[PDB]
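Everything below belongs to data39.pdb, which stores PDB, C-alpha atoms (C1' of nucleotides).
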```pdb
ATOM      1  CA  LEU L   1       0.000   0.000   0.000  1.00  0.00           C
ATOM      2  CA  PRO L   2       1.006   3.663  -0.188  1.00  0.00           C
ATOM      3  CA  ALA L   3       2.404   5.233   2.941  1.00  0.00           C
ATOM      4  CA  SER L   4      -0.022   7.302   4.997  1.00  0.00           C
ATOM      5  CA  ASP L   5       1.365   7.382   8.559  1.00  0.00           C
ATOM      6  CA  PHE L   6       4.658   6.947  10.341  1.00  0.00           C
ATOM      7  CA  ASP L   7       5.567   4.210  12.786  1.00  0.00           C
ATOM      8  CA  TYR L   8       8.681   2.709  14.336  1.00  0.00           C
ATOM      9  CA  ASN L   9      10.451  -0.383  13.094  1.00  0.00           C
ATOM     10  CA  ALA L  10      11.762  -2.979  15.541  1.00  0.00           C
ATOM     11  CA  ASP L  11      15.001  -0.963  15.653  1.00  0.00           C
ATOM     12  CA  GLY L  12      12.971   2.109  16.641  1.00  0.00           C
ATOM     13  CA  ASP L  13      13.592   4.131  13.482  1.00  0.00           C
ATOM     14  CA  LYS L  14      10.610   6.052  12.194  1.00  0.00           C
ATOM     15  CA  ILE L  15       9.357   4.515   8.946  1.00  0.00           C
ATOM     16  CA  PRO L  16       6.501   5.131   6.526  1.00  0.00           C
ATOM     17  CA  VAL L  17       3.565   2.779   7.021  1.00  0.00           C
ATOM     18  CA  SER L  18       0.088   2.417   5.608  1.00  0.00           C
ATOM     19  CA  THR L  19      -3.050   3.190   7.548  1.00  0.00           C
ATOM     20  CA  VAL L  20      -3.672  -0.559   7.415  1.00  0.00           C
ATOM     21  CA  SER L  21      -0.293  -1.331   8.991  1.00  0.00           C
ATOM     22  CA  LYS L  22      -0.721   1.555  11.435  1.00  0.00           C
ATOM     23  CA  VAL L  23      -4.076   0.368  12.788  1.00  0.00           C
ATOM     24  CA  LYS L  24      -2.737  -3.190  13.043  1.00  0.00           C
ATOM     25  CA  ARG L  25       0.216  -2.001  15.124  1.00  0.00           C
ATOM     26  CA  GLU L  26      -2.123   0.099  17.276  1.00  0.00           C
ATOM     27  CA  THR L  27      -4.244  -2.994  17.949  1.00  0.00           C
ATOM     28  CA  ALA L  28      -1.278  -5.246  18.798  1.00  0.00           C
ATOM     29  CA  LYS L  29      -1.299  -3.491  22.173  1.00  0.00           C
ATOM     30  CA  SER L  30      -4.856  -4.642  22.957  1.00  0.00           C
ATOM     31  CA  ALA L  31      -4.026  -8.094  21.571  1.00  0.00           C
ATOM     32  CA  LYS L  32      -0.921  -8.642  23.705  1.00  0.00           C
ATOM     33  CA  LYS L  33      -3.018  -7.733  26.750  1.00  0.00           C
ATOM     34  CA  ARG L  34      -5.855 -10.159  25.988  1.00  0.00           C
ATOM     35  CA  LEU L  35      -3.479 -13.043  25.215  1.00  0.00           C
ATOM     36  CA  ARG L  36      -1.461 -12.515  28.396  1.00  0.00           C
ATOM     37  CA  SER L  37      -4.692 -12.286  30.407  1.00  0.00           C
ATOM     38  CA  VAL L  38      -5.314 -15.964  29.567  1.00  0.00           C
ATOM     39  CA  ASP L  39      -2.651 -17.003  32.082  1.00  0.00           C
ATOM     40  CA  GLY L  40      -0.339 -14.940  34.277  1.00  0.00           C
ATOM     41  CA  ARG L  41       2.575 -17.273  33.522  1.00  0.00           C
ATOM     42  CA  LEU L  42       2.486 -16.185  29.878  1.00  0.00           C
ATOM     43  CA  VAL L  43       5.015 -13.728  28.516  1.00  0.00           C
ATOM     44  CA  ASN L  44       3.497 -10.638  26.893  1.00  0.00           C
ATOM     45  CA  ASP L  45       5.947 -10.012  24.077  1.00  0.00           C
ATOM     46  CA  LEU L  46       8.655 -11.616  21.992  1.00  0.00           C
ATOM     47  CA  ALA L  47      10.776  -8.733  23.270  1.00  0.00           C
ATOM     48  CA  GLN L  48       9.855  -9.865  26.788  1.00  0.00           C
ATOM     49  CA  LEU L  49      11.066 -13.391  26.025  1.00  0.00           C
ATOM     50  CA  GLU L  50      14.315 -11.792  24.890  1.00  0.00           C
ATOM     51  CA  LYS L  51      14.358  -9.933  28.219  1.00  0.00           C
ATOM     52  CA  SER L  52      13.258 -12.685  30.625  1.00  0.00           C
ATOM     53  CA  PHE L  53      14.883 -15.662  28.838  1.00  0.00           C
ATOM     54  CA  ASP L  54      18.293 -14.844  27.323  1.00  0.00           C
ATOM     55  CA  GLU L  55      19.220 -18.531  27.693  1.00  0.00           C
ATOM     56  CA  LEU L  56      17.082 -19.505  24.689  1.00  0.00           C
ATOM     57  CA  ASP L  57      19.032 -21.079  21.822  1.00  0.00           C
ATOM     58  CA  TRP L  58      15.931 -21.987  19.789  1.00  0.00           C
ATOM     59  CA  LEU L  59      12.362 -20.856  19.321  1.00  0.00           C
ATOM     60  CA  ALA L  60       9.331 -22.599  17.915  1.00  0.00           C
ATOM     61  CA  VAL L  61       6.275 -21.276  16.200  1.00  0.00           C
ATOM     62  CA  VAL L  62       3.525 -23.752  16.999  1.00  0.00           C
ATOM     63  CA  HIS L  63       0.451 -23.715  14.803  1.00  0.00           C
ATOM     64  CA  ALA L  64      -2.384 -26.024  15.843  1.00  0.00           C
ATOM     65  CA  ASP L  65      -5.795 -26.412  14.234  1.00  0.00           C
ATOM     66  CA  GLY L  66      -8.966 -28.151  15.384  1.00  0.00           C
ATOM     67  CA  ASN L  67     -10.403 -30.956  13.292  1.00  0.00           C
ATOM     68  CA  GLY L  68     -13.900 -31.939  12.191  1.00  0.00           C
ATOM     69  CA  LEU L  69     -15.916 -28.967  13.476  1.00  0.00           C
ATOM     70  CA  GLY L  70     -16.789 -27.787   9.972  1.00  0.00           C
ATOM     71  CA  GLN L  71     -18.175 -31.153   8.895  1.00  0.00           C
ATOM     72  CA  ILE L  72     -20.102 -31.426  12.180  1.00  0.00           C
ATOM     73  CA  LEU L  73     -21.636 -27.967  11.748  1.00  0.00           C
ATOM     74  CA  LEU L  74     -22.519 -28.775   8.142  1.00  0.00           C
ATOM     75  CA  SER L  75     -24.363 -31.844   9.487  1.00  0.00           C
ATOM     76  CA  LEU L  76     -25.381 -30.769  12.986  1.00  0.00           C
ATOM     77  CA  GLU L  77     -29.105 -31.300  12.334  1.00  0.00           C
ATOM     78  CA  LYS L  78     -28.345 -35.021  12.645  1.00  0.00           C
ATOM     79  CA  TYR L  79     -26.469 -34.707  15.924  1.00  0.00           C
ATOM     80  CA  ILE L  80     -28.647 -32.400  18.030  1.00  0.00           C
ATOM     81  CA  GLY L  81     -31.016 -35.254  18.814  1.00  0.00           C
ATOM     82  CA  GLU L  82     -34.475 -33.714  19.091  1.00  0.00           C
ATOM     83  CA  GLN L  83     -35.264 -32.133  15.711  1.00  0.00           C
ATOM     84  CA  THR L  84     -36.359 -28.796  17.133  1.00  0.00           C
ATOM     85  CA  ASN L  85     -35.085 -25.268  16.537  1.00  0.00           C
ATOM     86  CA  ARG L  86     -34.617 -24.446  20.228  1.00  0.00           C
ATOM     87  CA  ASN L  87     -32.300 -27.433  20.622  1.00  0.00           C
ATOM     88  CA  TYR L  88     -30.363 -26.581  17.443  1.00  0.00           C
ATOM     89  CA  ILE L  89     -29.473 -23.114  18.721  1.00  0.00           C
ATOM     90  CA  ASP L  90     -28.487 -24.400  22.164  1.00  0.00           C
ATOM     91  CA  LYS L  91     -26.373 -27.257  20.798  1.00  0.00           C
ATOM     92  CA  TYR L  92     -24.783 -25.081  18.094  1.00  0.00           C
ATOM     93  CA  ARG L  93     -23.947 -22.261  20.504  1.00  0.00           C
ATOM     94  CA  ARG L  94     -22.609 -24.392  23.363  1.00  0.00           C
ATOM     95  CA  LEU L  95     -20.513 -26.564  21.044  1.00  0.00           C
ATOM     96  CA  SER L  96     -18.856 -23.433  19.679  1.00  0.00           C
ATOM     97  CA  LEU L  97     -18.117 -22.043  23.140  1.00  0.00           C
ATOM     98  CA  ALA L  98     -16.979 -25.476  24.325  1.00  0.00           C
ATOM     99  CA  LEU L  99     -14.191 -25.677  21.743  1.00  0.00           C
ATOM    100  CA  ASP L 100     -12.873 -22.254  22.725  1.00  0.00           C
ATOM    101  CA  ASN L 101     -12.747 -23.379  26.363  1.00  0.00           C
ATOM    102  CA  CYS L 102     -11.102 -26.661  25.384  1.00  0.00           C
ATOM    103  CA  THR L 103      -8.375 -24.835  23.460  1.00  0.00           C
ATOM    104  CA  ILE L 104      -7.808 -22.458  26.390  1.00  0.00           C
ATOM    105  CA  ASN L 105      -7.907 -25.178  29.054  1.00  0.00           C
ATOM    106  CA  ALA L 106      -5.743 -27.556  27.035  1.00  0.00           C
ATOM    107  CA  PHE L 107      -3.293 -24.683  26.579  1.00  0.00           C
ATOM    108  CA  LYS L 108      -3.211 -23.794  30.282  1.00  0.00           C
ATOM    109  CA  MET L 109      -2.481 -27.467  30.962  1.00  0.00           C
ATOM    110  CA  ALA L 110       0.239 -27.869  28.336  1.00  0.00           C
ATOM    111  CA  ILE L 111       2.269 -24.808  29.384  1.00  0.00           C
ATOM    112  CA  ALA L 112       3.224 -26.718  32.544  1.00  0.00           C
ATOM    113  CA  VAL L 113       5.969 -28.304  30.411  1.00  0.00           C
ATOM    114  CA  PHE L 114       7.886 -25.007  30.479  1.00  0.00           C
ATOM    115  CA  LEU L 115       7.035 -19.331  31.119  1.00  0.00           C
ATOM    116  CA  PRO L 116       8.993 -18.927  27.896  1.00  0.00           C
ATOM    117  CA  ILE L 117       5.891 -18.976  25.695  1.00  0.00           C
ATOM    118  CA  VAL L 118       4.107 -16.109  23.931  1.00  0.00           C
ATOM    119  CA  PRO L 119       0.612 -16.699  22.521  1.00  0.00           C
ATOM    120  CA  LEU L 120      -0.209 -15.194  19.147  1.00  0.00           C
ATOM    121  CA  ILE L 121      -3.678 -16.584  18.388  1.00  0.00           C
ATOM    122  CA  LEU L 122      -5.682 -18.483  20.980  1.00  0.00           C
ATOM    123  CA  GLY L 123      -9.368 -19.019  20.344  1.00  0.00           C
ATOM    124  CA  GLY L 124     -11.887 -21.246  18.704  1.00  0.00           C
ATOM    125  CA  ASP L 125     -10.425 -24.619  17.850  1.00  0.00           C
ATOM    126  CA  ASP L 126      -7.257 -22.797  16.750  1.00  0.00           C
ATOM    127  CA  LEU L 127      -3.951 -22.053  18.493  1.00  0.00           C
ATOM    128  CA  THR L 128      -0.614 -20.611  17.505  1.00  0.00           C
ATOM    129  CA  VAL L 129       2.119 -19.602  19.940  1.00  0.00           C
ATOM    130  CA  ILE L 130       5.850 -18.940  20.066  1.00  0.00           C
ATOM    131  CA  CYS L 131       7.462 -21.420  22.449  1.00  0.00           C
ATOM    132  CA  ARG L 132      10.819 -22.005  23.916  1.00  0.00           C
ATOM    133  CA  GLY L 133      12.352 -24.195  21.256  1.00  0.00           C
ATOM    134  CA  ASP L 134      13.201 -27.758  22.286  1.00  0.00           C
ATOM    135  CA  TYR L 135      10.067 -27.646  24.445  1.00  0.00           C
ATOM    136  CA  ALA L 136       7.515 -27.352  21.629  1.00  0.00           C
ATOM    137  CA  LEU L 137       7.148 -31.016  20.634  1.00  0.00           C
ATOM    138  CA  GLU L 138       6.457 -31.738  24.298  1.00  0.00           C
ATOM    139  CA  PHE L 139       4.191 -28.727  24.746  1.00  0.00           C
ATOM    140  CA  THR L 140       2.311 -29.747  21.600  1.00  0.00           C
ATOM    141  CA  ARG L 141       2.144 -33.409  22.563  1.00  0.00           C
ATOM    142  CA  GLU L 142       0.831 -32.330  25.968  1.00  0.00           C
ATOM    143  CA  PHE L 143      -1.545 -29.817  24.368  1.00  0.00           C
ATOM    144  CA  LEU L 144      -2.944 -32.341  21.901  1.00  0.00           C
ATOM    145  CA  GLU L 145      -3.288 -34.930  24.655  1.00  0.00           C
ATOM    146  CA  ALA L 146      -5.048 -32.274  26.747  1.00  0.00           C
ATOM    147  CA  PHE L 147      -7.193 -31.057  23.844  1.00  0.00           C
ATOM    148  CA  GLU L 148      -8.492 -34.595  23.365  1.00  0.00           C
ATOM    149  CA  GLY L 149      -8.875 -35.060  27.117  1.00  0.00           C
ATOM    150  CA  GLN L 150     -10.800 -31.790  27.319  1.00  0.00           C
ATOM    151  CA  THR L 151     -13.123 -32.590  24.407  1.00  0.00           C
ATOM    152  CA  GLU L 152     -13.645 -36.073  25.866  1.00  0.00           C
ATOM    153  CA  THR L 153     -14.924 -34.793  29.200  1.00  0.00           C
ATOM    154  CA  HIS L 154     -16.558 -31.586  27.952  1.00  0.00           C
ATOM    155  CA  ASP L 155     -20.252 -32.472  27.952  1.00  0.00           C
ATOM    156  CA  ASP L 156     -21.222 -30.085  25.150  1.00  0.00           C
ATOM    157  CA  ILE L 157     -18.796 -31.745  22.728  1.00  0.00           C
ATOM    158  CA  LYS L 158     -18.941 -35.292  24.113  1.00  0.00           C
ATOM    159  CA  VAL L 159     -22.376 -36.362  22.873  1.00  0.00           C
ATOM    160  CA  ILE L 160     -22.015 -34.728  19.446  1.00  0.00           C
ATOM    161  CA  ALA L 161     -18.624 -36.322  18.770  1.00  0.00           C
ATOM    162  CA  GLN L 162     -20.131 -39.668  19.789  1.00  0.00           C
ATOM    163  CA  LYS L 163     -22.872 -39.289  17.175  1.00  0.00           C
ATOM    164  CA  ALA L 164     -20.507 -37.816  14.580  1.00  0.00           C
ATOM    165  CA  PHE L 165     -17.510 -40.149  14.788  1.00  0.00           C
ATOM    166  CA  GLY L 166     -18.352 -42.940  17.225  1.00  0.00           C
ATOM    167  CA  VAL L 167     -15.946 -41.721  19.921  1.00  0.00           C
ATOM    168  CA  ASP L 168     -16.699 -39.003  22.446  1.00  0.00           C
ATOM    169  CA  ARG L 169     -13.729 -36.797  21.535  1.00  0.00           C
ATOM    170  CA  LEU L 170     -12.420 -34.437  18.876  1.00  0.00           C
ATOM    171  CA  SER L 171      -8.848 -33.984  17.687  1.00  0.00           C
ATOM    172  CA  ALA L 172      -6.304 -31.387  16.625  1.00  0.00           C
ATOM    173  CA  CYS L 173      -2.944 -31.419  14.863  1.00  0.00           C
ATOM    174  CA  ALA L 174       0.120 -29.191  14.996  1.00  0.00           C
ATOM    175  CA  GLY L 175       2.877 -27.786  12.829  1.00  0.00           C
ATOM    176  CA  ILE L 176       6.051 -26.921  14.724  1.00  0.00           C
ATOM    177  CA  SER L 177       8.691 -24.911  12.907  1.00  0.00           C
ATOM    178  CA  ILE L 178      11.401 -24.759  15.615  1.00  0.00           C
ATOM    179  CA  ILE L 179      13.592 -21.847  14.645  1.00  0.00           C
ATOM    180  CA  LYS L 180      16.569 -19.906  15.819  1.00  0.00           C
ATOM    181  CA  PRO L 181      15.420 -16.799  17.681  1.00  0.00           C
ATOM    182  CA  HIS L 182      16.413 -14.168  15.086  1.00  0.00           C
ATOM    183  CA  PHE L 183      15.024 -16.152  12.148  1.00  0.00           C
ATOM    184  CA  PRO L 184      11.898 -14.574  10.586  1.00  0.00           C
TER
ATOM    185  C1'   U R   1      60.223-119.392  14.443  1.00  0.00           C
ATOM    186  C1'   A R   2      62.577-113.927  13.596  1.00  0.00           C
ATOM    187  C1'   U R   3      64.708-112.767  10.183  1.00  0.00           C
ATOM    188  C1'   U R   4      66.317-108.704   5.456  1.00  0.00           C
ATOM    189  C1'   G R   5      69.680-103.975   5.652  1.00  0.00           C
ATOM    190  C1'   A R   6      71.179 -98.804   6.304  1.00  0.00           C
ATOM    191  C1'   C R   7      70.134 -94.753   5.410  1.00  0.00           C
ATOM    192  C1'   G R   8      67.974 -89.730   6.233  1.00  0.00           C
ATOM    193  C1'   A R   9      67.214 -84.302   7.476  1.00  0.00           C
ATOM    194  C1'   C R  10      62.897 -81.113   9.185  1.00  0.00           C
ATOM    195  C1'   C R  11      60.945 -76.317  10.559  1.00  0.00           C
ATOM    196  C1'   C R  12      60.507 -71.057   6.849  1.00  0.00           C
ATOM    197  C1'   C R  13      56.648 -67.924  10.491  1.00  0.00           C
ATOM    198  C1'   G R  14      52.127 -69.105  13.793  1.00  0.00           C
ATOM    199  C1'   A R  15      47.901 -66.350  16.922  1.00  0.00           C
ATOM    200  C1'   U R  16      45.495 -61.518  17.671  1.00  0.00           C
ATOM    201  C1'   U R  17      43.705 -56.076  17.750  1.00  0.00           C
ATOM    202  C1'   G R  18      42.459 -53.454  12.311  1.00  0.00           C
ATOM    203  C1'   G R  19      39.821 -48.390  14.680  1.00  0.00           C
ATOM    204  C1'   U R  20      37.798 -46.455  19.729  1.00  0.00           C
ATOM    205  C1'   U R  21      35.527 -41.955  22.069  1.00  0.00           C
ATOM    206  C1'   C R  22      34.089 -36.636  21.710  1.00  0.00           C
ATOM    207  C1'   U R  23      32.567 -32.172  18.617  1.00  0.00           C
ATOM    208  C1'   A R  24      27.803 -32.896  13.979  1.00  0.00           C
ATOM    209  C1'   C R  25      27.241 -26.654  12.982  1.00  0.00           C
ATOM    210  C1'   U R  26      27.785 -22.079  16.328  1.00  0.00           C
ATOM    211  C1'   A R  27      26.825 -16.830  16.252  1.00  0.00           C
ATOM    212  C1'   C R  28      24.953 -13.461  12.928  1.00  0.00           C
ATOM    213  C1'   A R  29      22.714  -9.926   8.555  1.00  0.00           C
ATOM    214  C1'   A R  30      15.743 -10.770   7.295  1.00  0.00           C
ATOM    215  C1'   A R  31      12.914 -11.670  13.151  1.00  0.00           C
ATOM    216  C1'   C R  32      12.093  -8.135  17.788  1.00  0.00           C
ATOM    217  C1'   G R  33      10.239  -1.041  18.510  1.00  0.00           C
TER
END
```

Take the structure from the file and write it as structure tokens.
Amino acid sequence: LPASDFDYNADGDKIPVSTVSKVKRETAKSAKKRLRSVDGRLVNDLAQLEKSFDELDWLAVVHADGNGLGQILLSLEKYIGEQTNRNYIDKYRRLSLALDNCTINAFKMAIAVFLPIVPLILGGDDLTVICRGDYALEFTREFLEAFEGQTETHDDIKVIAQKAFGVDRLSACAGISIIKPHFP
RNA sequence: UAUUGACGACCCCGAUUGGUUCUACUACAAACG
């Protein structure tokens, strides 16, 4: 885009930026708050990992994505049980909230493996975070074990998954880059 | 029953270990005000 505003690069030099880029950077402040608020152990900023954790020799972007919700929602009329509108809304709504809670709860469990971890996106059935490298396969194993364990026990998912796939759980998968800290 | 009647060199290397252990990329420049 054309330049419209000025902002500061990571070196702190003033640079030309678009109004798109400018409003994104303005909002990163409210984002970093909300992500940290999930758990006090979390680090607010990649800069704050660099402050608090100079020992790090590696870093890992984790990206994790929930599985099957789209096909369930495309078919949810089958799975609500009683074929009535009032039940559809309730089941649809609670299922959607339940997966957000499962992702949050599974995340607050998994971080016990470390806290040198910065969340980037954390909501719905979808997670991505910057971990301490050489703790991310273990954090993601623990997260995916805890995401299943959450969706097993979480009543609002349990019965639907049973009718959808014959087991009372959902699943998620993860990509784990594992990167040296200055790498893009 | 125990006689016949003297010659002649050999060995030339043999057995075994034949790799073992550590370091396997490290900082960077692009990420981050």

Starting from the PyMOL selection byres ((chain L) within 12 of (chain R)), expand the selection into actual residues of this file and give them as a short mmCIF file (atom, residue, chain, number, x, y, z; two decimals) with C-alpha atoms, in the coordinates of the input.
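Listed below is the output, part_34.cif:
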```
data_model
loop_
_atom_site.label_atom_id
_atom_site.label_comp_id
_atom_site.auth_asym_id
_atom_site.auth_seq_id
_atom_site.Cartn_x
_atom_site.Cartn_y
_atom_site.Cartn_z
CA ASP L 7 5.57 4.21 12.79
CA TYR L 8 8.68 2.71 14.34
CA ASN L 9 10.45 -0.38 13.09
CA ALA L 10 11.76 -2.98 15.54
CA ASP L 11 15.00 -0.96 15.65
CA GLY L 12 12.97 2.11 16.64
CA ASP L 13 13.59 4.13 13.48
CA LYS L 14 10.61 6.05 12.19
CA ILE L 15 9.36 4.51 8.95
CA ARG L 25 0.22 -2.00 15.12
CA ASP L 45 5.95 -10.01 24.08
CA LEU L 46 8.65 -11.62 21.99
CA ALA L 47 10.78 -8.73 23.27
CA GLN L 48 9.86 -9.86 26.79
CA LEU L 49 11.07 -13.39 26.02
CA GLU L 50 14.32 -11.79 24.89
CA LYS L 51 14.36 -9.93 28.22
CA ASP L 57 19.03 -21.08 21.82
CA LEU L 59 12.36 -20.86 19.32
CA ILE L 179 13.59 -21.85 14.64
CA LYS L 180 16.57 -19.91 15.82
CA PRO L 181 15.42 -16.80 17.68
CA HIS L 182 16.41 -14.17 15.09
CA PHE L 183 15.02 -16.15 12.15
CA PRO L 184 11.90 -14.57 10.59
#
```

Worksheet item: Any idea what the distance is between atom CA of residue L:99 and atom CA of residue L:173?
Response: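 That distance, rounded to one decimal, is 14.4 Å.
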
Item to complete: Give as a ChimeraX atom specification the residues that the PyMOL selection byres ((chain L and resi 20) around 12) matches when applied to the coordinates above.
Response: /L:1-7,16-19,21-27

Worksheet item: At what distance in Å, to one decimal, does atom CA of residue L:109 lie from atom CA of residue L:142?
Response: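 These two atoms are separated by 7.7 Å.
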
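For the atom pair formed by atom CA of residue L:168 and atom CA of residue L:113, the distance is 26.3 Å, given to one decimal.
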
Discussion item. Using all atoms listed in the file, which protein or nucleic acid residues come within 10 Å of residue L:112? Drop anything in the same chain fewer than 6 positions from it, and give the result as a VMD selection string.
Written reply: chain L and resid 41 139 142 to 143

The selected residues should be written to file as a compact mmCIF listing (two decimals), in the coordinates of the input (atoms: C-alpha atoms).
```
# COMPACT_ATOMS: atom_id res chain seq x y z
CA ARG L 41 2.58 -17.27 33.52
CA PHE L 139 4.19 -28.73 24.75
CA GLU L 142 0.83 -32.33 25.97
CA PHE L 143 -1.54 -29.82 24.37
```

Worksheet item: Can you list, as an NGL selection string, the residues that the PyMOL selection byres ((chain L and resi 103) around 8) selects here?
Response: :L and (99-102 or 104-107 or 122-127 or 147)

Discussion item. Under the rule that all atoms listed in the file are counted, which of L:172, L:159, L:28, L:130 is the nearest residue to residue L:81?
Written reply: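 Among the listed residues, L:159 lies closest to residue L:81.
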
Worksheet item: Which one is closest to residue L:165: L:38, L:69, L:111, L:118? Count all atoms listed in the file.
Response: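 Distance minimum relative to residue L:165 lands on L:69.
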
If the box runs along x, y and z of the file and leaves 5 Å on each side of stretch 88-94 of chain L, what are its centre and edge lengths in Å, one decimal, as AutoDock Vina command-line options?
```
--center_x -26.5 --center_y -24.8 --center_z 20.4 --size_x 17.8 --size_y 15.0 --size_z 15.9
```
